[PDB]
Amino acid sequence: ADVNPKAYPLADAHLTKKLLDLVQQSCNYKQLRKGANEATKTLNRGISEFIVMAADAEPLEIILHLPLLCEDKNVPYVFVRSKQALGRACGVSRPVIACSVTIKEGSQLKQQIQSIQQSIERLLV
RNA sequence: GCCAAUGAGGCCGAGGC
């Protein structure tokens, strides 16, 4: 397939699993926003922990505006390979091009939310 | 069943039938 270079950073097989797993969990803690639109707002509103996007979005440009807003807001972001997998991670029978894990005070997901973020840093070496 | 976060359908935010 040859993953679009514009899709950086890209979660490796392992990190994707965890990524997808936290995504599903946040879903239950009512701490997950799906869709580029909603994702973007979470950023502008400053309530986003990190953003996950799908390298197989088509055309990728549909979301390429997100990393910039992320850089401008200092919110870590990552790309997973499939919008389907991300889809079912969000509990959606449809593909999800991007989602944003929200900031909830007191959430127990914190130790985990921090572990992805940190994982994400390491990706930027 | 079908449509649907590449946006339900009444900015909000995962439902419609």
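Numbers in chain A track Swiss-Prot; the residues on display, in order, are 4-128.
Looking at the header, which is where the method is noted, we find X-ray crystallography, 2.9 Å.
Including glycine, each Cβ sits where the backbone N, Cα and C put it.
Mapped onto three states, the DSSP output places A:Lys21 (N6-acetyllysine) in helix. Under the heading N6-acetyllysine, Swiss-Prot lists A:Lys21.
For the region 'Interaction with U4 snRNA and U4atac snRNA' (A:36-48), same-chain residues at least 6 beyond its ends with a Cβ under 8 Å from one of its own Cβ atoms are 54, 65-66, 68-69, 72-73, 76, 78, 93, 95, 99-103, 105. According to Swiss-Prot, the feature region 'Interaction with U4 snRNA and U4atac snRNA' maps to A:36-48, an assignment based on experimental evidence.
Annotation note: A:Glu61 (site 'Interaction with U4 snRNA and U4atac snRNA') sits in a coil segment as assigned by DSSP. Around the Cβ of A:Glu61 (site 'Interaction with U4 snRNA and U4atac snRNA'), 11 further Cβ atoms fall within 10 Å across all displayed protein chains. Residues or ranges marked as site 'Interaction with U4 snRNA and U4atac snRNA' by Swiss-Prot on the basis of experimental evidence: A:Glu61 (among others).
The Cβ of A:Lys86 (site 'Interaction with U4 snRNA and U4atac snRNA') has 19 other Cβ atoms within 10 Å, all protein chains considered. Look at A:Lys86 (site 'Interaction with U4 snRNA and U4atac snRNA'): DSSP puts it in a helix. What Swiss-Prot records for A:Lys86 (among others) is site 'Interaction with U4 snRNA and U4atac snRNA', and it gives experimental evidence as the kind of evidence.
Positions annotated as region 'Important for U4 snRNA-binding' by Swiss-Prot, on the basis of experimental evidence: A:96-128.
Its own atom aside, the Cβ of A:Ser122 (phosphoserine) has 18 Cβ atoms within 10 angstroms in the protein chains shown. Per Swiss-Prot, phosphoserine is recorded for A:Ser122.
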Apart from its near flanks, which chain residues at least 6 from the ends of the region 'Important for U4 snRNA-binding' (A:96-128) lie with a Cβ under 8 angstroms of it? 12-14, 18, 21-22, 25-26, 28-29, 32-39, 41-42, 45-46, 50-57, 60, 65-66, 69, 79-81, 85-87, 89-90
Considering only the recorded positions A:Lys21, A:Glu61, A:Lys86, which residue has the minimal Cα-Cα separation from A:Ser122 (phosphoserine)? A:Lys21
